[PDB]
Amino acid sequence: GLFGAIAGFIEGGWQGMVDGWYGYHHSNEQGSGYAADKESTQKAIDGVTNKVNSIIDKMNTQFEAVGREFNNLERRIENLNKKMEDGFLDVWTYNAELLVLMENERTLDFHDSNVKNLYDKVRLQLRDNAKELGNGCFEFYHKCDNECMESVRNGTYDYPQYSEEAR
C-alpha cells in the first residue's frame, strides 16, 4: 500500500482487536492484550462516512418521465432519443464504475496512512528507550508495566524517567 504499513511492514491484521480499527498490542510481565486507539478510529469512521454520504448526497435527482411516445413515421426523432438515453447511460456507467475503483483506492490508502501515523507517534515518544523491530513492534530496554504501557498509548510517555534503566 501507499504508506507501507498495512500488509506492509505490519504484515497482517488482528482478529483479537474487536473494538476499533487501529490500535496497540502490548506484552509485559503482567500479561498481554489489545487496546483500540479510540481517537484515530473515530476520526477515520467520520471520514469514510463523510465520503460515502458525499457520493450519495451530491447527486441531483429530479422528476423525469421516460416512455416511448413517438409513432411509426417519427423514427428519426425516436433515434434522437435513443442516442440521448444511451449517451447518458454510457456517461453514468463509466463515471460510476471509475468512481468506485478510484475511491476504493483512496479509502484503503487512508487506512494505511492512519496506521502509519499512529506508529510514528509511538516511535517518536520512545526514541532510543526501545528497539524498533521493523514489524510494527517496539522492544523496550526497560520494564514497562501496565501504567507505563498506557502512557505510551495516551501520548504521555516520560522518556527521561527510563533512560537510565534503558542504558
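Sequential numbering from 1, following the sequence displayed.
- As listed in the deposited structure, the average C-alpha B-factor of 105 to 113 and of 118 to 126 is greater for 118 to 126.
- Comparing 151 to 159 with 13 to 21, the higher mean C-alpha B-factor in the PDB entry belongs to 151 to 159.
- Out of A65, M59, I45, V100, the entry records its largest CA B-factor for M59.
- Annotation for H142: C-alpha temperature factor in the highest third relative to the rest of the modelled chain, per the entry.
- Annotation for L73: C-alpha temperature factor in the highest third relative to the rest of the modelled chain, per the entry.
- Per-chain ranking of the deposited C-alpha B factor places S40 in the middle third.
- Per the PDB record, residue ranking by Cα B-factor puts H26 in the middle third of the chain.
- Among all modelled residues in its chain, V52 ranks in the lowest third by Cα B-factor.
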